[PDB]
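Undergrad: Numbering (the entry's author numbering), first residue to last: 4 to 171. In this text, a Cβ means the ideal position worked out from N, Cα and C, and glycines have one as well.
(1) Identify which residue in 67, 135, 100, 162 has its Cα closest to the Cα of residue 17.
(2) What span of residues does the beta strand (DSSP E) with residue 66 cover, start to end?
(3) Hey, could you find the ends of the beta strand (DSSP E) residue 77 is sitting in?
(4) CB residue 84 to CB residue 55, shorter than 8 angstroms?
(5) What residues are listed by DSSP as bridge partners for residue 139?
(6) Given a cut-off of 8 angstroms on the beta-carbon distance, is the pair residue 113 and residue 140 in contact?
(7) Using a 10 Å radius around the Cβ and a threshold of 16 neighbouring Cβ atoms, would you call residue 130 buried or exposed?
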């Protein structure tokens, strides 16, 4: 996970370059800047290698001591986590808006019985977000999110949604 949530208190990624483009000094190094932010004094904050970190929780976000002797420390510019349209595992928790199947067929709305009559109504699956015609995996089947299809010859089909890469 190379994105930050909020100010990146939980950031444990591998970015090692500051906002202005300076290579980070290793946390366990005293060169060029002497400091006390050592891994042994900040257990759980993962002050490893020279990765940008926010061990105390400050505004700018994750930061590091810089290899430039003239710049003691500088914040790093890491993108905010914005991933959405992806699935974790087989997507029991998927609640995005993909509405086409793996074969390219437009999904039938869950509350519609046309062309396919079925039982997967929102009122019978409260909490599964069977809204609009979005792909869903309400019963937790290994096929991933699926939908009834608008092709009268294809009752249902799993959709094609890639795995996430920013969850944890």
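TA: So, from the data block:
(1) Start at 1 with the first residue of the chain shown, and residue 17 comes out as number 14. Considering only alpha carbons, the answer is 67.
(2) Walking along the chain shown from the start, residue 66 turns up at place 63. Segment 66-68, the beta strand (DSSP E) holding residue 66.
(3) Here residue 77 is taken as the residue at index 74 of the chain shown, counted from 1. It spans 76-78 - the beta strand (DSSP E) in which residue 77 sits, taken as one unbroken run.
(4) Taking the first residue of the chain shown as 1, we reach residue 84 at position 81. Taking the first residue of the chain shown as 1, we reach residue 55 at position 52. No; because the gap between Cβ atoms is not below 8 angstroms, this pair is not in contact.
(5) Here residue 139 is taken as the residue at index 136 of the chain shown, counted from 1. For residue 139, the beta-bridge partners assigned by DSSP are 149.
(6) Start at 1 with the first residue of the chain shown, and residue 113 comes out as number 110. Start at 1 with the first residue of the chain shown, and residue 140 comes out as number 137. No; because the gap between Cβ atoms is not below 8 angstroms, this pair is not in contact.
(7) As a position in the chain shown, residue 130 is number 127, starting the count at 1. Exposed, by the Cβ-count rule.
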